[PDB]
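A.B. asks: Provide a 3D model corresponding to the input given below.
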Amino acid sequence: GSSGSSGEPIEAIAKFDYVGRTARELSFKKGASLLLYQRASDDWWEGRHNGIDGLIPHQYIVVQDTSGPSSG
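C.D. replies: Numbering: from 1, shown residues only. There you are, the coordinates:
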């Protein structure tokens with residue numbers, strides 16, 4: 001409790017098929033489940049994909065503002 005503001009990871013869903021142009025970024029496909037750890041920038045994110053830590057675009061993903069997974 002009263003831990004902080006940015007703690008546990010955020011489960012985001014790929015908005016559109018994206019391919020990490022560089023090693024830093026990550027390549028995913030619309031629908032693919034992506035985990036978020038921290039917002040690298042206003043147009044980027046910092047999480048992991050298929051076991052790969054890198055950057056994630058905010059234009060090809062939907063940052064869910066819900067605590068925990070949403071069954072269904």
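A.B. asks: and the residue nearest the centre of the chain, bridged to which residues?
C.D. replies: When C-alpha atoms, centre = their mean is applied to the chain, the residue found nearest the centroid is residue 36 (3.7 Å). Assessed by DSSP bridges, residue 36 has beta-bridge partners residue 10, residue 47.
A.B. asks: ok, it to residue 1 distance?
C.D. replies: 22 Å (C-beta to C-beta, to the nearest Å). Where C-beta positions appear, they are placed from N, C-alpha and C, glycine not excepted.
A.B. asks: and what of residue 69?
C.D. replies: Residue 69 is 21 Å from residue 1, by C-beta to C-beta.
A.B. asks: All the strands of the protein, residue numbers only.
C.D. replies: Secondary structure of the chain, counting by DSSP state E: strands at 10-14, 33-41, 44-49, 52-56, 61-63.
A.B. asks: Compare those strands and give me the one nearest residue 25.
C.D. replies: strand 52-56 (4.7 Å; C-beta to C-beta).
A.B. asks: Now that closest one: buried residues?
C.D. replies: Across strand 52-56, burial judged by 16 or more other C-beta atoms under 10 Å covers 54, 55, 56.
A.B. asks: and what of stretch 21-30?
C.D. replies: Buried, per 16+ other C-beta under 10 Å, within stretch 21-30: 25, 26, 28.
A.B. asks: what does stretch 9-16 give?
C.D. replies: Per 16+ other C-beta under 10 Å, stretch 9-16 contains these buried residues: 10, 11, 12, 14, 15.
A.B. asks: What is the nearest of those to residue 46?
C.D. replies: residue 10 (10.6 Å).
A.B. asks: Just list the residues touching that closest one, thanks.
C.D. replies: Neighbouring residues of residue 10 by C-beta atoms under 8 Å, 6 or more residues apart in numbering: 35, 36, 47, 63, 64.
A.B. asks: The same query, at a cut-off of 10 Å, please.
C.D. replies: 34-39, 45, 47, 63-67 (C-beta atoms under 10 Å, 6 or more residues apart in numbering).
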